Amino acid sequence: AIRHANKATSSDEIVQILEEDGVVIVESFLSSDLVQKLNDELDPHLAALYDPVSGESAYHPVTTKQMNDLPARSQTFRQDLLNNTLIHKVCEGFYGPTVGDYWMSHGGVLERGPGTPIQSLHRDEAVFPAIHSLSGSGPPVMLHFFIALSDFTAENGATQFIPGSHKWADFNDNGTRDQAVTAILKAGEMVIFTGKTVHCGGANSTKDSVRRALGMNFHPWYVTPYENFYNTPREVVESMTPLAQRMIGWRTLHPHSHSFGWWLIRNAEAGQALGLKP
Amino acid sequence: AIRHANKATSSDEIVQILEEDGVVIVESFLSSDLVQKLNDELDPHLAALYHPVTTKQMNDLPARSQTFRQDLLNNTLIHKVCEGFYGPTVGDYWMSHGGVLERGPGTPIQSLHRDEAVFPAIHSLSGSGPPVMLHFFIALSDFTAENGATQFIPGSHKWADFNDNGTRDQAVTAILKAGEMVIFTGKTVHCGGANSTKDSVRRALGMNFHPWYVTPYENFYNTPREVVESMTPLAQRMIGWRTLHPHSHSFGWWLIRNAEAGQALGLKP
Ligand SMILES: [Fe+3]
Ligand SMILES: [Fe+3]
């Protein structure tokens with residue numbers, strides 16, 4: 001009951017489906033070559049965090065991996081995803097008039113292989129109780145772009161959603177499990193959802209298949225990003241476009257409310273104060 | 001100067017350069033992907049290592065890095081060079097020390113020193129001494145004269161009096177890209193450079209090998225058994241978990257009850 005219908009569809013209708021249902025499925029979002037390039041850049045970094053041989057150390061049953069600080073690690077994430085026209089058109093439409101500017105809070109590759117337990121139904125914006133307590137009347141905060149780096153089946157745990165749960169008057173009700181619809185995704189096939197939408201990841205019943213995803217969680221300008229990107233090497237930041245630099249917090253935000261800017265250095269543009277080109 | 005040699009140069013020729021000069025440079029000995037795997041595996045444990053300090057280390061690598069456990073400890077070129085360096089009378093060898101070295105801005109220049117100085121009985125024999133230390137110095141980052149690339153004095157390994165450490169103008173800098181290696185003897189005069197640059201850390205991976213009869217500096221018995229059992233028997237011998245087979249005492253050395261030690265401690269034959 002999640003409408004995909006997102007190839008010839010305009011983004012304004014994508015924003016409309018996001019407003020009505022709280023979740024939308026974008027078909028054919030990433031080219032299969034883009035998925036292969038992303039998986040190739042991402043594999044070494046993941047393999048180097050998780051050594052299969054371990055002398056107990058932390059622990060052996062590894063049903064789950066995930067990784068962030070993507071801009072330092074992946075060029076294709078650095079350029080293609082952070083500058084993607086559809087992500088930004090949907091971001092501008094979702095935040096709308098009163099917000100104005102936005103930046104990325106969290107960019108992560110998530111992997112759950114065989115034996116992964118099913119998740120509880122929840123809302124990510126529960127991490128901000130002052131916003132969460134307003135329930136469905138609250139302002140837009142989190143926007144989540146979930147790219148499928150592998151097939152997304154009900155059998156390896158396709159993520160489930162409850163459409164319309166972003167409008168509920170009481171967010172202490174996370175709904176029930178018979179209200180959840182699974183999101184089947186094949187190649188790039190992104191799914192977009194709000195931080196107010198009830199959802200849960202599925203169980204990986206398979207003995208053999210690993211679910212892999214790339215989550216891009218965006219914030220309005222006034223909400224603190226989860227990730228700090230200042231240890232990113234300066235040459236990597238200087239290779240990025242100013243839009244992508246603003247996404248990772250190296251440029252000032254421009255809310256229309258406070259038109260003169262936010263996240264400034266001596267009331268001046270920040271990245272320019274620390275060596276980036278104007 | 002120092003002689004670069006790789007690609008079509010066979011390890012027999014690198015051993016010959018090592019005998020004549022005491023130092024040699026193997027170009028692009030590690031692939032950039034291998035350097036990337038090494039830096040990724042080493043960065044988290046370098047960050048957790050404990051006035052800002054400019055000198056930084058790590059050892060007990062086999063417990064810490066898979067790429068060192070498998071690729072580096074089993075590298076064919078290093079073992080060919082080891083067999084050629086110790087030669088017939090020795091027979092067997094093992095690694096004494098495996099370390100990551102990090103020196104960034106503010107690193108003072110080092111004195112010319114000859115590492116085998118830690119062994120007065122061998123060091124007193126000067127250039128007539130037996131081969132003891134073999135140092136494989138892999139570049140995990142660029143080595144520039146700007147960031148303090150190590151300097152060497154070619155031929156200083158065969159001098160008749162090791163109380164003479166030479167002087168600074170006899171030293172040749174070893175310029176390396178990431179992944180390039182420099183091999184040198186424990187009898188060769190050398191010194192690290194000063195890193196004047198305010199923004200750049202120089203990082204290296206040194207593997208110091210010994211003949212079978214010289215005690216390794218590193219003790220690897222606290223290494224968890226699961227990583228040791230994941231290693232090849234050659235790599236296990238490199239870290240002291242298997243007995244050596246010197247040509248001198250062919251029955252074996254470093255045994256448990258006159259039997260092979262690794263089998264004696266629960267390892268597979
Ligand atoms: Fe969630
Ligand atoms: Fe030295």
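Hydrogens, waters and symmetry mates play no part in the numbers below; they use all other heavy atoms, side chains included. A, B, ... follow the sequence lines: proteins, then strands. Residue 1 opens every chain. Whatever order the structure lists ligands and atoms in, that order sets their numbers, starting from 1.
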Fill in: Polar contact flag, side-chain donor to acceptor under 3.5 angstrom, B:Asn39-B:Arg203
yes

Fill in: Contact check: A:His199 to the Fe ion (ligand 1), N/O/S below 2.8 Å
yes

Practice prompt. Tell me which N, O or S atom of B:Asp115 sits nearest to the Fe ion (ligand 2).
Written response: OD1

Practice prompt. Specify whether A:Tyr226 and A:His106 have parallel, tilted or perpendicular ring planes, treating 30° as the upper limit for parallel and 60° as the lower limit for perpendicular.
Written response: perpendicular

Discussion item. Nearest 0.5 Å, please: how far is CG in A:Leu30 from CG in A:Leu149?
Written reply: 8.0 Å

Worksheet item: What orientation do A:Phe128 and A:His219 show, parallel under 30°, tilted 30 to 60°, or perpendicular over 60°?
Response: perpendicular

Worksheet item: Within the stated cut-off of 2.8 Å, is an N/O/S atom of A:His122 closer than that to the Fe ion (ligand 1)?
Response: yes

